[PDB]
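Taken one at a time, structure 1 and structure 2 that follow are two forms of one protein chain, written as structure tokens.
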Structure 1
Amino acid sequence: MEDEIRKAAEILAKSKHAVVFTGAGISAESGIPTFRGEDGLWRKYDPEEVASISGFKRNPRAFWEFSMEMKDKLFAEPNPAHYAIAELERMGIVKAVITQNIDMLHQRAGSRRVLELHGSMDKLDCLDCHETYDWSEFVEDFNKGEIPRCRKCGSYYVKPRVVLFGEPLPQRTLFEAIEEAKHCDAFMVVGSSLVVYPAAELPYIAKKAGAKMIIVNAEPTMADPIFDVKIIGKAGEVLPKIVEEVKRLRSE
């Protein structure tokens, strides 16, 4: 109920190094479907098939069609959950965001420190000649429904710098994520089923370290019982109410 939101807000209000872990859930209200439930059904291709380093090579066009598909929009924008987190960062509470999302919606919402376990599409590399590119370089190509193509050698294997099925995670980033869980005073999960490594392990790491924990998700997860506050609902509706309640605690 509203009571759970109260306790979440009370934990955050007295934290100065909170960490927020987000999954596909936090971006569903931005038009980017998750890989679960009806969303997984909605999507045509199987992510493990078309979104692997193998699939990318055998059929780059399908990879892009799958990766860019959205609900009633071409490009996504941050929803109130993203802004709510960036706000908490301005209020001196949130000092880091660890995400498995590759949509860069946290940065665009104003988050200053974002650890991207799966990278992002901010940059791309030609796998044949190694020319590097900024996302902005193919804006016109995408606009007309075409896929990225290397201007230097003509290759269609311009791979975005994200972790595809069959590749390792960014270690400098993985290490920072764990170290982040190890010294945060509050650890809040938002929009994650806590299934994809290290999502299932970070919560236990932060708890051992003594952090207070909160989880905001549309459905329950196996780790729910170890959290202090459990909230079932949409991230875009819950987070902003938590922020407001934190402001009210600091005001009144």
Structure 2
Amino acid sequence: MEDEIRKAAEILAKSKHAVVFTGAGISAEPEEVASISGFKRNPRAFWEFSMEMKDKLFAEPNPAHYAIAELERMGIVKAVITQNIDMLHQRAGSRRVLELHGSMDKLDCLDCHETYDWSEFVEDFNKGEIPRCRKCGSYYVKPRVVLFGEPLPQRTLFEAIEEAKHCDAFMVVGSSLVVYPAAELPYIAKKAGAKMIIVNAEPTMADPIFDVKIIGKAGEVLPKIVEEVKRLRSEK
């Protein structure tokens, strides 16, 4: 994968406006669980599923997140578009992060419309006590996450589309590109003439559109790309 890593580094080093697009592949290491109809039928199932999933996710940022943060610090990466709700990009130091599917940070009771910060629930949550509305007692505390069957936040989606339309490099990391409308974004960048890079553990059905394809672990690949970019810029 070294020649591919070098090709990706060359693209990024020459770019005027690079964008990174991430999915669950960088964070890890259906209807009833993660959809709005599922949540309305049984919000406890969503929360019990989330308790199981938390154990499978990285508790803190990994080297892929730090590499992406460093590329922004270097002035290369202008935006991170993410499908993830775990805020690991921000915790790694990324600033320009577009959260297509929101995040767990803020929550609302669907019955009485009370608002919450995640900090209010996290202790109980880690003990397996599901979020309940303290005001009215409801089981319907919904995080400001886009569940399947919900539209995306309009401002965020617009900004992400604008990034895709006006970038000259677009790097997908840890996404199979099967969730829409998020998955439209790499096609928009491709149509706009951006150089297309993909980094994944496995192939995707979208692989044919990419100029550079890297199969590997993002935590290994992304730091190597950064080091090569620094070498091309005489920073290492």
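Take the two forms, superpose them, and find the largest set of C-alpha atoms that agree within 1.5 Å; that set is the rigid core. Residue 1 is the first residue of structure 1, and the numbers go on in sequence order from there.
Relative to the superposed rigid core, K73 undergoes a CA displacement of at least 2 Å between the two structures. Shown in the overlay between the two structures, fitted on the rigid core, is a CA shift at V196 smaller than 2 Å. Superposed on the core, the two forms differ at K57: its CA moves 2 Å or more between the two structures. Comparing between the two structures on a rigid core frame, one finds that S15 has its C-alpha moved by 1.8 Å. The rigid core superposition between the two structures gives a CA shift for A223 of 2.2 Å. Core superposition places the C-alpha of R90 0.1 Å apart between the two structures.
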